[PDB]
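As C-alpha cells, the next two blocks hold two forms of the same chain, structure 1 and structure 2.
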Structure 1
C-alpha cells in the first residue's frame, strides 16, 4: 500500500547521472517508432554532443544494442520479452509489467499490452493510455513488485520479478513461494498504474 520506497528506489536506479531523464523520454519516443535508435539521432533531438549521449548510456548497463551498435532496448525494447507493447502498427516489448504501465504517458501514446500470467500461463491484456487503463482482461489482473536495488542492474534486480498475474489471489499464492525478495508485494494493476503515475511525476520534474 505504501509506495514511497518503490518510487524512491526506482528513481535512484533509473536516474544515475545528470541528463538521464532528459535522454530517456526522447529515447523512448524514438524506440516506440519500432526501429533501432542511433546515438546521433538522440544527439540531434537533445542538442547534445554525441559524447554526452554515450556517457549517459554507459551508466545504463542494461541497455541493449544490436549488431550495428544502435540502441534497441532501454525499458522499451525491440527484442522479444514476455511483455508485448504495441503502438499502432508497431510491435515492441517491455522489460517488465510496470514498464508497460509507465511508458505510455512518457511517449504520449496509447499502447496495447499483452502478456501471460506468471503463475498460470493465462493470457492477459490491457490498453494503457497516458492517463488511464482500459479493457483489463481479466478484470482482476495483478502485478508483483519488489524493491529495486540501487547499484544493481535494474533488469536483474527489479524487472525479472515484476510480472502480471491473472488475479490478486493467484499472485498472492505465487508470492507465498517467493521468500527473500526485499519488498515483494502484490498489487492490483490499478494500484500499479497509480504507482507508475507517481513515478512519472517525479521523473518528469527532474527534466531540464
Structure 2
C-alpha cells in the first residue's frame, strides 16, 4: 500500500521542534553497546551543551532511565519488551516491530530479532541487516502500522500499536477488531522493512 503518510508523519515526529532527529543515531549506537548512557556522555559525543540534550530528552517523554539517572532506553532499550533485538550475543530490546527493522542500518549491525504474534502468540523471528531481512520465520510475517499523532509521544501513540503477526491474514482478522486506531493498516514484514528504509534514508540525509 501507499506508505507515504506513515513515512511523512514519522519524519515529522522526529523533525518536530526539539525533536530527536540529530541525537537519535548517536544515542542508538551508544545504547547498542549494552550499557546505560549518561546525559553528560551523550552531550560530548554530540558536542551539544547540556541544556540542548536536556530539551530534546525532556520532549521525548518516554525515554527510559535507570536508578542512576542514566539513559537505558529510547527505541532501543535495555529494559525487557516483547521485541527482542540481539546483537553480537547481547540481548537488547525495542519498543515496536518497526523499530527492529530500522535500527540495524542506523547502528551498522545485524540483529537476530524475535517476538510473538500479537494475535495468536506464535513465535516469530528474523535476521535484520542494514540492507535486507533473512530467515523470516514464518515466511508470511506481517506488521501493524498506525498513523503517528501530532506532538504526541511516539511510544503510546505509535509504538504500542506496531506489532509483529504470524501472517497477513491472521493480522487482518486482528485489525478488523481495532478500527478505532488512526490509520490502522497491515503490511508484510518486507513492506515494513521498506518503510523503515525510506525513513532511514530521509533521516540520514537531514543529518549534519
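The term rigid core refers to the most C-alpha atoms you can superpose between the two forms while keeping them within 1.5 Å. Positions refer to the first chain, counted from 1.
In a core superposition between structures 1 and 2, the Cα of 50 is the only one among 50, 139, 152, 160 shifting by 2 Å or more. Once both forms are overlaid on the rigid core, the distance between the two CA positions of residue 197 between structures 1 and 2 is under 2 angstroms. Residue 20 is among the residues whose C-alpha shifts by 2 Å or more between structures 1 and 2 once the rigid core is aligned. When the rigid core is fitted, residue 175 shows a C-alpha shift of 0.3 Å between structures 1 and 2. Once the two forms are overlaid on the core, residue 41 shows a Cα shift of 2.0 Å between structures 1 and 2. Superposed on the core, the two forms differ at residue 60, whose C-alpha moves 1.3 Å between structures 1 and 2.
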